[PDB]
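S.K.: Next up is a structure, given as structure tokens.
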Protein chains: 2
Amino acid sequence: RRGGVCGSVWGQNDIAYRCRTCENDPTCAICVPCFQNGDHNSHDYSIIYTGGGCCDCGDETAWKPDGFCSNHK
Amino acid sequence: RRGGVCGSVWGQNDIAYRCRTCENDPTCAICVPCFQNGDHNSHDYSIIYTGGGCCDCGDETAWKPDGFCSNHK
Ligand SMILES: [Zn+2]
Ligand SMILES: [Zn+2]
Ligand SMILES: [Zn+2]
Ligand SMILES: [Zn+2]
Ligand SMILES: [Zn+2]
Ligand SMILES: [Zn+2]
């Protein structure tokens, strides 16, 4: 739609998605909802325990824009 | 990303941002970089001369967490 960074926050043992195809570096990650509302088919992704932090969806400095979800473009 | 308080220090006449929507009390403030890397759209913020002190971004005791920047969550 017309018109944001996700910024959703993880606690120590919250899971997220690592996508090695979309990440700017090895510490980037996106929340499960942003992963499920994007397109990572044939990407090299894995479920991870975050150790805390925040989702990088929407942040071009941390995540490749073709990897953004429908809500953070 | 995965993984802090900002703690950046101001001198007497250094500017920072007051955000009345995010602050825990009237003496809190965040540095310009933390302001620019957060989301305060439609918040009641102002540029101020600090009189010294330190940025509250990342410190839940001084600043509402939805007001933190991308680097201090
Ligand atoms: Zn997200
Ligand atoms: Zn997203
Ligand atoms: Zn991907
Ligand atoms: Zn700061
Ligand atoms: Zn910050
Ligand atoms: Zn604010």
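Labels for the structure tokens follow display order: chains A, B, ..., residues from 1 in each chain, ligands from 1.
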Please give chain B as a PDB file with N, CA, C and O atoms, in the first residue's frame, after it has been superposed on chain A by least squares over all Cα atoms paired in order.
M.R.:
ATOM      1  N   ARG B   1       0.803  -1.216   0.000  1.00  0.00           N
ATOM      2  CA  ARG B   1       0.000   0.000   0.000  1.00  0.00           C
ATOM      3  C   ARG B   1       0.839   1.269   0.000  1.00  0.00           C
ATOM      4  O   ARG B   1       2.064   1.218   0.005  1.00  0.00           O
ATOM      5  N   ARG B   2       0.168   2.414  -0.024  1.00  0.00           N
ATOM      6  CA  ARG B   2       0.835   3.703  -0.078  1.00  0.00           C
ATOM      7  C   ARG B   2       1.257   4.161   1.312  1.00  0.00           C
ATOM      8  O   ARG B   2       0.663   3.789   2.329  1.00  0.00           O
ATOM      9  N   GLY B   3       2.273   5.022   1.339  1.00  0.00           N
ATOM     10  CA  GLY B   3       2.644   5.725   2.557  1.00  0.00           C
ATOM     11  C   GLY B   3       4.125   5.737   2.857  1.00  0.00           C
ATOM     12  O   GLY B   3       4.768   4.696   2.854  1.00  0.00           O
ATOM     13  N   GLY B   4       8.607   3.367   7.048  1.00  0.00           N
ATOM     14  CA  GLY B   4       8.549   2.637   8.304  1.00  0.00           C
ATOM     15  C   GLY B   4       9.613   1.556   8.454  1.00  0.00           C
ATOM     16  O   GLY B   4       9.884   0.806   7.511  1.00  0.00           O
ATOM     17  N   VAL B   5      10.245   1.502   9.641  1.00  0.00           N
ATOM     18  CA  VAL B   5      11.082   0.375  10.036  1.00  0.00           C
ATOM     19  C   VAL B   5      10.260  -0.445  11.016  1.00  0.00           C
ATOM     20  O   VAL B   5       9.456   0.102  11.771  1.00  0.00           O
ATOM     21  N   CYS B   6      10.462  -1.767  11.013  1.00  0.00           N
ATOM     22  CA  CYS B   6       9.680  -2.629  11.893  1.00  0.00           C
ATOM     23  C   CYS B   6      10.017  -2.375  13.355  1.00  0.00           C
ATOM     24  O   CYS B   6       9.129  -2.145  14.183  1.00  0.00           O
ATOM     25  N   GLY B   7      11.290  -2.477  13.698  1.00  0.00           N
ATOM     26  CA  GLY B   7      11.779  -2.183  15.025  1.00  0.00           C
ATOM     27  C   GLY B   7      11.307  -3.098  16.135  1.00  0.00           C
ATOM     28  O   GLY B   7      11.677  -2.855  17.290  1.00  0.00           O
ATOM     29  N   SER B   8      10.516  -4.137  15.837  1.00  0.00           N
ATOM     30  CA  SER B   8      10.030  -5.044  16.874  1.00  0.00           C
ATOM     31  C   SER B   8      11.184  -5.622  17.680  1.00  0.00           C
ATOM     32  O   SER B   8      12.227  -5.975  17.129  1.00  0.00           O
ATOM     33  N   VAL B   9      10.986  -5.774  18.988  1.00  0.00           N
ATOM     34  CA  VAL B   9      12.090  -6.079  19.889  1.00  0.00           C
ATOM     35  C   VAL B   9      12.004  -7.507  20.398  1.00  0.00           C
ATOM     36  O   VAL B   9      10.930  -7.993  20.765  1.00  0.00           O
ATOM     37  N   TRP B  10      13.158  -8.162  20.471  1.00  0.00           N
ATOM     38  CA  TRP B  10      13.254  -9.527  20.953  1.00  0.00           C
ATOM     39  C   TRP B  10      13.854  -9.547  22.347  1.00  0.00           C
ATOM     40  O   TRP B  10      14.738  -8.752  22.667  1.00  0.00           O
ATOM     41  N   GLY B  11      13.395 -10.481  23.163  1.00  0.00           N
ATOM     42  CA  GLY B  11      14.102 -10.826  24.375  1.00  0.00           C
ATOM     43  C   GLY B  11      15.136 -11.899  24.113  1.00  0.00           C
ATOM     44  O   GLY B  11      15.296 -12.389  22.996  1.00  0.00           O
ATOM     45  N   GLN B  12      15.829 -12.296  25.185  1.00  0.00           N
ATOM     46  CA  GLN B  12      17.058 -13.069  25.019  1.00  0.00           C
ATOM     47  C   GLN B  12      16.828 -14.347  24.217  1.00  0.00           C
ATOM     48  O   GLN B  12      17.637 -14.697  23.354  1.00  0.00           O
ATOM     49  N   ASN B  13      15.744 -15.073  24.499  1.00  0.00           N
ATOM     50  CA  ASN B  13      15.524 -16.371  23.872  1.00  0.00           C
ATOM     51  C   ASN B  13      14.396 -16.360  22.853  1.00  0.00           C
ATOM     52  O   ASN B  13      13.876 -17.423  22.493  1.00  0.00           O
ATOM     53  N   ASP B  14      14.046 -15.185  22.341  1.00  0.00           N
ATOM     54  CA  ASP B  14      13.046 -15.094  21.291  1.00  0.00           C
ATOM     55  C   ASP B  14      13.634 -15.508  19.947  1.00  0.00           C
ATOM     56  O   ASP B  14      14.750 -15.120  19.587  1.00  0.00           O
ATOM     57  N   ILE B  15      12.863 -16.268  19.182  1.00  0.00           N
ATOM     58  CA  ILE B  15      13.329 -16.698  17.871  1.00  0.00           C
ATOM     59  C   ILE B  15      13.059 -15.602  16.847  1.00  0.00           C
ATOM     60  O   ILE B  15      12.122 -14.808  16.987  1.00  0.00           O
ATOM     61  N   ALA B  16      13.915 -15.553  15.825  1.00  0.00           N
ATOM     62  CA  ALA B  16      13.701 -14.758  14.619  1.00  0.00           C
ATOM     63  C   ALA B  16      14.253 -15.540  13.435  1.00  0.00           C
ATOM     64  O   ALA B  16      14.631 -16.710  13.563  1.00  0.00           O
ATOM     65  N   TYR B  17      14.345 -14.877  12.280  1.00  0.00           N
ATOM     66  CA  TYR B  17      14.873 -15.469  11.061  1.00  0.00           C
ATOM     67  C   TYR B  17      16.174 -14.776  10.677  1.00  0.00           C
ATOM     68  O   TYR B  17      16.237 -13.549  10.626  1.00  0.00           O
ATOM     69  N   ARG B  18      17.202 -15.562  10.428  1.00  0.00           N
ATOM     70  CA  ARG B  18      18.405 -15.122   9.741  1.00  0.00           C
ATOM     71  C   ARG B  18      18.208 -15.428   8.265  1.00  0.00           C
ATOM     72  O   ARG B  18      17.825 -16.543   7.915  1.00  0.00           O
ATOM     73  N   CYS B  19      18.428 -14.449   7.395  1.00  0.00           N
ATOM     74  CA  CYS B  19      18.443 -14.746   5.967  1.00  0.00           C
ATOM     75  C   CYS B  19      19.769 -14.290   5.390  1.00  0.00           C
ATOM     76  O   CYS B  19      20.024 -13.088   5.267  1.00  0.00           O
ATOM     77  N   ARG B  20      20.609 -15.249   5.028  1.00  0.00           N
ATOM     78  CA  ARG B  20      21.937 -14.898   4.549  1.00  0.00           C
ATOM     79  C   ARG B  20      21.895 -14.235   3.184  1.00  0.00           C
ATOM     80  O   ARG B  20      22.854 -13.553   2.814  1.00  0.00           O
ATOM     81  N   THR B  21      20.814 -14.414   2.426  1.00  0.00           N
ATOM     82  CA  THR B  21      20.684 -13.746   1.144  1.00  0.00           C
ATOM     83  C   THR B  21      20.364 -12.265   1.308  1.00  0.00           C
ATOM     84  O   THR B  21      20.864 -11.437   0.545  1.00  0.00           O
ATOM     85  N   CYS B  22      19.544 -11.912   2.299  1.00  0.00           N
ATOM     86  CA  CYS B  22      19.061 -10.538   2.445  1.00  0.00           C
ATOM     87  C   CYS B  22      19.857  -9.685   3.429  1.00  0.00           C
ATOM     88  O   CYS B  22      19.794  -8.450   3.343  1.00  0.00           O
ATOM     89  N   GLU B  23      20.589 -10.292   4.355  1.00  0.00           N
ATOM     90  CA  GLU B  23      21.247  -9.547   5.420  1.00  0.00           C
ATOM     91  C   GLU B  23      22.379  -8.664   4.888  1.00  0.00           C
ATOM     92  O   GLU B  23      23.080  -9.016   3.928  1.00  0.00           O
ATOM     93  N   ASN B  24      22.545  -7.494   5.536  1.00  0.00           N
ATOM     94  CA  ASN B  24      23.720  -6.654   5.301  1.00  0.00           C
ATOM     95  C   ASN B  24      24.957  -7.208   6.000  1.00  0.00           C
ATOM     96  O   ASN B  24      26.062  -7.123   5.450  1.00  0.00           O
ATOM     97  N   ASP B  25      24.804  -7.800   7.183  1.00  0.00           N
ATOM     98  CA  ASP B  25      25.913  -8.534   7.786  1.00  0.00           C
ATOM     99  C   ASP B  25      25.412  -9.696   8.637  1.00  0.00           C
ATOM    100  O   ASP B  25      24.194  -9.903   8.753  1.00  0.00           O
ATOM    101  N   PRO B  26      26.307 -10.479   9.250  1.00  0.00           N
ATOM    102  CA  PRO B  26      25.843 -11.688   9.962  1.00  0.00           C
ATOM    103  C   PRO B  26      25.022 -11.429  11.222  1.00  0.00           C
ATOM    104  O   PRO B  26      24.409 -12.376  11.731  1.00  0.00           O
ATOM    105  N   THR B  27      24.958 -10.198  11.738  1.00  0.00           N
ATOM    106  CA  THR B  27      24.179  -9.941  12.943  1.00  0.00           C
ATOM    107  C   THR B  27      22.759  -9.462  12.662  1.00  0.00           C
ATOM    108  O   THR B  27      22.007  -9.226  13.608  1.00  0.00           O
ATOM    109  N   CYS B  28      22.387  -9.272  11.405  1.00  0.00           N
ATOM    110  CA  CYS B  28      21.049  -8.804  11.085  1.00  0.00           C
ATOM    111  C   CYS B  28      20.030  -9.941  11.181  1.00  0.00           C
ATOM    112  O   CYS B  28      20.359 -11.124  11.070  1.00  0.00           O
ATOM    113  N   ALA B  29      18.769  -9.569  11.372  1.00  0.00           N
ATOM    114  CA  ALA B  29      17.703 -10.560  11.497  1.00  0.00           C
ATOM    115  C   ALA B  29      16.372  -9.856  11.332  1.00  0.00           C
ATOM    116  O   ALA B  29      16.280  -8.635  11.496  1.00  0.00           O
ATOM    117  N   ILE B  30      15.335 -10.629  10.999  1.00  0.00           N
ATOM    118  CA  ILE B  30      13.992 -10.062  10.936  1.00  0.00           C
ATOM    119  C   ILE B  30      13.005 -10.926  11.708  1.00  0.00           C
ATOM    120  O   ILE B  30      13.181 -12.143  11.826  1.00  0.00           O
ATOM    121  N   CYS B  31      11.943 -10.301  12.210  1.00  0.00           N
ATOM    122  CA  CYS B  31      10.976 -11.026  13.012  1.00  0.00           C
ATOM    123  C   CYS B  31      10.183 -11.992  12.139  1.00  0.00           C
ATOM    124  O   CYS B  31      10.139 -11.890  10.901  1.00  0.00           O
ATOM    125  N   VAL B  32       9.608 -13.012  12.792  1.00  0.00           N
ATOM    126  CA  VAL B  32       8.886 -14.048  12.056  1.00  0.00           C
ATOM    127  C   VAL B  32       7.793 -13.423  11.195  1.00  0.00           C
ATOM    128  O   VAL B  32       7.618 -13.858  10.046  1.00  0.00           O
ATOM    129  N   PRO B  33       6.986 -12.491  11.690  1.00  0.00           N
ATOM    130  CA  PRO B  33       5.946 -11.903  10.826  1.00  0.00           C
ATOM    131  C   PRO B  33       6.505 -11.216   9.591  1.00  0.00           C
ATOM    132  O   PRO B  33       5.930 -11.328   8.502  1.00  0.00           O
ATOM    133  N   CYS B  34       7.604 -10.486   9.733  1.00  0.00           N
ATOM    134  CA  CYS B  34       8.178  -9.830   8.562  1.00  0.00           C
ATOM    135  C   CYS B  34       8.726 -10.865   7.588  1.00  0.00           C
ATOM    136  O   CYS B  34       8.627 -10.719   6.364  1.00  0.00           O
ATOM    137  N   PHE B  35       9.298 -11.947   8.109  1.00  0.00           N
ATOM    138  CA  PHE B  35       9.768 -13.004   7.228  1.00  0.00           C
ATOM    139  C   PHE B  35       8.600 -13.581   6.447  1.00  0.00           C
ATOM    140  O   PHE B  35       8.676 -13.719   5.226  1.00  0.00           O
ATOM    141  N   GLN B  36       7.482 -13.882   7.136  1.00  0.00           N
ATOM    142  CA  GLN B  36       6.359 -14.553   6.488  1.00  0.00           C
ATOM    143  C   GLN B  36       5.615 -13.681   5.493  1.00  0.00           C
ATOM    144  O   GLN B  36       4.853 -14.214   4.668  1.00  0.00           O
ATOM    145  N   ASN B  37       5.768 -12.360   5.597  1.00  0.00           N
ATOM    146  CA  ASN B  37       5.133 -11.404   4.705  1.00  0.00           C
ATOM    147  C   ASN B  37       6.100 -10.858   3.659  1.00  0.00           C
ATOM    148  O   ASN B  37       5.762  -9.905   2.954  1.00  0.00           O
ATOM    149  N   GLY B  38       7.279 -11.458   3.549  1.00  0.00           N
ATOM    150  CA  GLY B  38       8.206 -11.197   2.467  1.00  0.00           C
ATOM    151  C   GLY B  38       8.365 -12.394   1.547  1.00  0.00           C
ATOM    152  O   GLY B  38       7.644 -13.387   1.609  1.00  0.00           O
ATOM    153  N   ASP B  39       9.332 -12.290   0.657  1.00  0.00           N
ATOM    154  CA  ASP B  39       9.620 -13.385  -0.267  1.00  0.00           C
ATOM    155  C   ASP B  39      11.077 -13.783  -0.099  1.00  0.00           C
ATOM    156  O   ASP B  39      11.975 -13.050  -0.527  1.00  0.00           O
ATOM    157  N   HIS B  40      11.308 -14.954   0.490  1.00  0.00           N
ATOM    158  CA  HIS B  40      12.651 -15.500   0.638  1.00  0.00           C
ATOM    159  C   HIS B  40      12.758 -16.888   0.030  1.00  0.00           C
ATOM    160  O   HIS B  40      13.592 -17.698   0.446  1.00  0.00           O
ATOM    161  N   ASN B  41      11.944 -17.179  -0.974  1.00  0.00           N
ATOM    162  CA  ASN B  41      11.999 -18.508  -1.561  1.00  0.00           C
ATOM    163  C   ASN B  41      13.320 -18.687  -2.302  1.00  0.00           C
ATOM    164  O   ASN B  41      13.724 -17.828  -3.097  1.00  0.00           O
ATOM    165  N   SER B  42      13.981 -19.810  -2.041  1.00  0.00           N
ATOM    166  CA  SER B  42      15.311 -20.132  -2.528  1.00  0.00           C
ATOM    167  C   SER B  42      16.388 -19.277  -1.878  1.00  0.00           C
ATOM    168  O   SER B  42      17.526 -19.256  -2.368  1.00  0.00           O
ATOM    169  N   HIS B  43      16.072 -18.572  -0.789  1.00  0.00           N
ATOM    170  CA  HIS B  43      17.087 -17.873  -0.015  1.00  0.00           C
ATOM    171  C   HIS B  43      17.673 -18.820   1.027  1.00  0.00           C
ATOM    172  O   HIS B  43      17.078 -19.837   1.369  1.00  0.00           O
ATOM    173  N   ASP B  44      18.828 -18.448   1.579  1.00  0.00           N
ATOM    174  CA  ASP B  44      19.496 -19.290   2.568  1.00  0.00           C
ATOM    175  C   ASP B  44      19.177 -18.787   3.972  1.00  0.00           C
ATOM    176  O   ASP B  44      19.982 -18.124   4.620  1.00  0.00           O
ATOM    177  N   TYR B  45      17.995 -19.148   4.463  1.00  0.00           N
ATOM    178  CA  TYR B  45      17.533 -18.651   5.752  1.00  0.00           C
ATOM    179  C   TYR B  45      17.483 -19.764   6.788  1.00  0.00           C
ATOM    180  O   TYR B  45      17.445 -20.945   6.447  1.00  0.00           O
ATOM    181  N   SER B  46      17.455 -19.358   8.061  1.00  0.00           N
ATOM    182  CA  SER B  46      17.367 -20.278   9.190  1.00  0.00           C
ATOM    183  C   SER B  46      16.648 -19.615  10.352  1.00  0.00           C
ATOM    184  O   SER B  46      16.774 -18.401  10.563  1.00  0.00           O
ATOM    185  N   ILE B  47      15.933 -20.433  11.140  1.00  0.00           N
ATOM    186  CA  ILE B  47      15.399 -19.939  12.402  1.00  0.00           C
ATOM    187  C   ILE B  47      16.538 -19.868  13.402  1.00  0.00           C
ATOM    188  O   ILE B  47      17.345 -20.798  13.503  1.00  0.00           O
ATOM    189  N   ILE B  48      16.595 -18.785  14.171  1.00  0.00           N
ATOM    190  CA  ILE B  48      17.653 -18.592  15.153  1.00  0.00           C
ATOM    191  C   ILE B  48      17.040 -18.112  16.458  1.00  0.00           C
ATOM    192  O   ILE B  48      15.933 -17.564  16.481  1.00  0.00           O
ATOM    193  N   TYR B  49      17.757 -18.367  17.563  1.00  0.00           N
ATOM    194  CA  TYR B  49      17.518 -17.679  18.832  1.00  0.00           C
ATOM    195  C   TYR B  49      18.318 -16.377  18.832  1.00  0.00           C
ATOM    196  O   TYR B  49      19.540 -16.390  18.646  1.00  0.00           O
ATOM    197  N   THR B  50      17.624 -15.242  19.008  1.00  0.00           N
ATOM    198  CA  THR B  50      18.213 -13.952  18.676  1.00  0.00           C
ATOM    199  C   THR B  50      19.313 -13.560  19.643  1.00  0.00           C
ATOM    200  O   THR B  50      20.286 -12.913  19.243  1.00  0.00           O
ATOM    201  N   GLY B  51      19.156 -13.892  20.917  1.00  0.00           N
ATOM    202  CA  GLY B  51      19.937 -13.231  21.939  1.00  0.00           C
ATOM    203  C   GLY B  51      19.554 -11.786  22.157  1.00  0.00           C
ATOM    204  O   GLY B  51      20.351 -11.013  22.690  1.00  0.00           O
ATOM    205  N   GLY B  52      18.355 -11.394  21.757  1.00  0.00           N
ATOM    206  CA  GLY B  52      17.906 -10.027  21.908  1.00  0.00           C
ATOM    207  C   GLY B  52      18.189  -9.187  20.679  1.00  0.00           C
ATOM    208  O   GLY B  52      18.883  -9.590  19.744  1.00  0.00           O
ATOM    209  N   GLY B  53      17.622  -7.978  20.683  1.00  0.00           N
ATOM    210  CA  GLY B  53      17.829  -7.036  19.608  1.00  0.00           C
ATOM    211  C   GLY B  53      16.523  -6.602  18.974  1.00  0.00           C
ATOM    212  O   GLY B  53      15.457  -6.608  19.622  1.00  0.00           O
ATOM    213  N   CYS B  54      16.590  -6.231  17.707  1.00  0.00           N
ATOM    214  CA  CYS B  54      15.396  -5.706  17.055  1.00  0.00           C
ATOM    215  C   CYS B  54      15.407  -6.035  15.570  1.00  0.00           C
ATOM    216  O   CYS B  54      16.466  -6.162  14.949  1.00  0.00           O
ATOM    217  N   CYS B  55      14.207  -6.153  15.010  1.00  0.00           N
ATOM    218  CA  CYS B  55      14.040  -6.547  13.614  1.00  0.00           C
ATOM    219  C   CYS B  55      14.556  -5.471  12.667  1.00  0.00           C
ATOM    220  O   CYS B  55      14.331  -4.273  12.863  1.00  0.00           O
ATOM    221  N   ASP B  56      15.240  -5.910  11.611  1.00  0.00           N
ATOM    222  CA  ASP B  56      15.844  -5.004  10.646  1.00  0.00           C
ATOM    223  C   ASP B  56      14.986  -4.744   9.406  1.00  0.00           C
ATOM    224  O   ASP B  56      15.416  -3.996   8.523  1.00  0.00           O
ATOM    225  N   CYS B  57      13.795  -5.345   9.314  1.00  0.00           N
ATOM    226  CA  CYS B  57      12.936  -5.144   8.160  1.00  0.00           C
ATOM    227  C   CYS B  57      12.598  -3.669   8.009  1.00  0.00           C
ATOM    228  O   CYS B  57      12.196  -3.016   8.970  1.00  0.00           O
ATOM    229  N   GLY B  58      12.771  -3.146   6.796  1.00  0.00           N
ATOM    230  CA  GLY B  58      12.533  -1.744   6.528  1.00  0.00           C
ATOM    231  C   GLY B  58      13.767  -0.876   6.570  1.00  0.00           C
ATOM    232  O   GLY B  58      13.742   0.232   6.031  1.00  0.00           O
ATOM    233  N   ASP B  59      14.850  -1.365   7.167  1.00  0.00           N
ATOM    234  CA  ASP B  59      16.068  -0.596   7.383  1.00  0.00           C
ATOM    235  C   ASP B  59      17.078  -0.991   6.315  1.00  0.00           C
ATOM    236  O   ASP B  59      17.735  -2.022   6.440  1.00  0.00           O
ATOM    237  N   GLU B  60      17.195  -0.161   5.268  1.00  0.00           N
ATOM    238  CA  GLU B  60      18.093  -0.431   4.153  1.00  0.00           C
ATOM    239  C   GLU B  60      19.550  -0.558   4.596  1.00  0.00           C
ATOM    240  O   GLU B  60      20.346  -1.194   3.898  1.00  0.00           O
ATOM    241  N   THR B  61      19.916   0.033   5.735  1.00  0.00           N
ATOM    242  CA  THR B  61      21.276  -0.062   6.252  1.00  0.00           C
ATOM    243  C   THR B  61      21.572  -1.419   6.861  1.00  0.00           C
ATOM    244  O   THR B  61      22.738  -1.700   7.159  1.00  0.00           O
ATOM    245  N   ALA B  62      20.554  -2.243   7.080  1.00  0.00           N
ATOM    246  CA  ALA B  62      20.732  -3.525   7.729  1.00  0.00           C
ATOM    247  C   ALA B  62      20.167  -4.688   6.939  1.00  0.00           C
ATOM    248  O   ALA B  62      20.436  -5.835   7.293  1.00  0.00           O
ATOM    249  N   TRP B  63      19.437  -4.441   5.867  1.00  0.00           N
ATOM    250  CA  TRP B  63      18.683  -5.500   5.216  1.00  0.00           C
ATOM    251  C   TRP B  63      18.455  -5.054   3.791  1.00  0.00           C
ATOM    252  O   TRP B  63      18.142  -3.886   3.563  1.00  0.00           O
ATOM    253  N   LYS B  64      18.639  -5.965   2.848  1.00  0.00           N
ATOM    254  CA  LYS B  64      18.447  -5.632   1.448  1.00  0.00           C
ATOM    255  C   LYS B  64      16.974  -5.361   1.165  1.00  0.00           C
ATOM    256  O   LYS B  64      16.095  -6.107   1.633  1.00  0.00           O
ATOM    257  N   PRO B  65      16.657  -4.292   0.424  1.00  0.00           N
ATOM    258  CA  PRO B  65      15.250  -3.889   0.295  1.00  0.00           C
ATOM    259  C   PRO B  65      14.399  -4.928  -0.400  1.00  0.00           C
ATOM    260  O   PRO B  65      13.207  -5.028  -0.096  1.00  0.00           O
ATOM    261  N   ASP B  66      14.957  -5.724  -1.314  1.00  0.00           N
ATOM    262  CA  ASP B  66      14.127  -6.776  -1.877  1.00  0.00           C
ATOM    263  C   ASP B  66      13.693  -7.783  -0.809  1.00  0.00           C
ATOM    264  O   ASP B  66      12.830  -8.625  -1.076  1.00  0.00           O
ATOM    265  N   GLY B  67      14.287  -7.734   0.382  1.00  0.00           N
ATOM    266  CA  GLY B  67      13.949  -8.622   1.472  1.00  0.00           C
ATOM    267  C   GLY B  67      12.942  -8.070   2.437  1.00  0.00           C
ATOM    268  O   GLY B  67      12.584  -8.754   3.395  1.00  0.00           O
ATOM    269  N   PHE B  68      12.449  -6.858   2.209  1.00  0.00           N
ATOM    270  CA  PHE B  68      11.481  -6.260   3.113  1.00  0.00           C
ATOM    271  C   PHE B  68      10.123  -6.924   2.952  1.00  0.00           C
ATOM    272  O   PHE B  68       9.779  -7.447   1.898  1.00  0.00           O
ATOM    273  N   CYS B  69       9.335  -6.871   4.016  1.00  0.00           N
ATOM    274  CA  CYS B  69       7.976  -7.379   3.984  1.00  0.00           C
ATOM    275  C   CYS B  69       7.029  -6.326   3.406  1.00  0.00           C
ATOM    276  O   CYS B  69       7.404  -5.176   3.186  1.00  0.00           O
ATOM    277  N   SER B  70       5.788  -6.755   3.141  1.00  0.00           N
ATOM    278  CA  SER B  70       4.760  -5.928   2.504  1.00  0.00           C
ATOM    279  C   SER B  70       4.420  -4.672   3.286  1.00  0.00           C
ATOM    280  O   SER B  70       3.890  -3.717   2.710  1.00  0.00           O
ATOM    281  N   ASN B  71       4.703  -4.653   4.580  1.00  0.00           N
ATOM    282  CA  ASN B  71       4.312  -3.569   5.459  1.00  0.00           C
ATOM    283  C   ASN B  71       5.426  -2.574   5.748  1.00  0.00           C
ATOM    284  O   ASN B  71       5.147  -1.529   6.336  1.00  0.00           O
ATOM    285  N   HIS B  72       6.658  -2.818   5.296  1.00  0.00           N
ATOM    286  CA  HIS B  72       7.767  -1.925   5.637  1.00  0.00           C
ATOM    287  C   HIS B  72       8.510  -1.454   4.392  1.00  0.00           C
ATOM    288  O   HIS B  72       9.734  -1.280   4.384  1.00  0.00           O
ATOM    289  N   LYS B  73       7.772  -1.203   3.326  1.00  0.00           N
ATOM    290  CA  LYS B  73       8.347  -0.590   2.142  1.00  0.00           C
ATOM    291  C   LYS B  73       7.815   0.820   1.915  1.00  0.00           C
ATOM    292  O   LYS B  73       8.205   1.466   0.930  1.00  0.00           O
TER     293      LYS B  73
END
S.K.: I need the helix (DSSP H, G or I) residues of chain A per DSSP on the backbone, written as a ChimeraX atom specification.
M.R.: /A:32-36,65-67
S.K.: Output N, CA, C and O atoms for every residue in that selection, as an mmCIF file, in the first residue's frame.
M.R.:
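Result file part_10.cif:
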data_model
loop_
_atom_site.group_PDB
_atom_site.id
_atom_site.type_symbol
_atom_site.label_atom_id
_atom_site.label_comp_id
_atom_site.auth_asym_id
_atom_site.auth_seq_id
_atom_site.Cartn_x
_atom_site.Cartn_y
_atom_site.Cartn_z
ATOM 1 N N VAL A 32 9.608 -13.012 12.792
ATOM 2 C CA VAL A 32 8.886 -14.048 12.056
ATOM 3 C C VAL A 32 7.793 -13.423 11.195
ATOM 4 O O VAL A 32 7.618 -13.858 10.046
ATOM 5 N N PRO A 33 6.986 -12.491 11.690
ATOM 6 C CA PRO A 33 5.946 -11.903 10.826
ATOM 7 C C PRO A 33 6.505 -11.216 9.591
ATOM 8 O O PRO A 33 5.930 -11.328 8.502
ATOM 9 N N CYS A 34 7.604 -10.486 9.733
ATOM 10 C CA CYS A 34 8.178 -9.830 8.562
ATOM 11 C C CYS A 34 8.726 -10.865 7.588
ATOM 12 O O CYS A 34 8.627 -10.719 6.364
ATOM 13 N N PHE A 35 9.298 -11.947 8.109
ATOM 14 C CA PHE A 35 9.768 -13.004 7.228
ATOM 15 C C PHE A 35 8.600 -13.581 6.447
ATOM 16 O O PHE A 35 8.676 -13.719 5.226
ATOM 17 N N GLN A 36 7.482 -13.882 7.136
ATOM 18 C CA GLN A 36 6.359 -14.553 6.488
ATOM 19 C C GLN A 36 5.615 -13.681 5.493
ATOM 20 O O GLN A 36 4.853 -14.214 4.668
ATOM 21 N N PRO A 65 16.657 -4.292 0.424
ATOM 22 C CA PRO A 65 15.250 -3.889 0.295
ATOM 23 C C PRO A 65 14.399 -4.928 -0.400
ATOM 24 O O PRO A 65 13.207 -5.028 -0.096
ATOM 25 N N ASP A 66 14.957 -5.724 -1.314
ATOM 26 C CA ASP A 66 14.127 -6.776 -1.877
ATOM 27 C C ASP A 66 13.693 -7.783 -0.809
ATOM 28 O O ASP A 66 12.830 -8.625 -1.076
ATOM 29 N N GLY A 67 14.287 -7.734 0.382
ATOM 30 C CA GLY A 67 13.949 -8.622 1.472
ATOM 31 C C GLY A 67 12.942 -8.070 2.437
ATOM 32 O O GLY A 67 12.584 -8.754 3.395
#
S.K.: From the DSSP assignment of the backbone, select every residue of chain B that is strand (DSSP E), and format the answer as a list in words.
M.R.: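 Going through chain B, the strand (DSSP E) residues come out as residues 9, 10, 15, 16, 17, 18, 19, 45, 46, 47, 48, 49, 53 and 54 of chain B.
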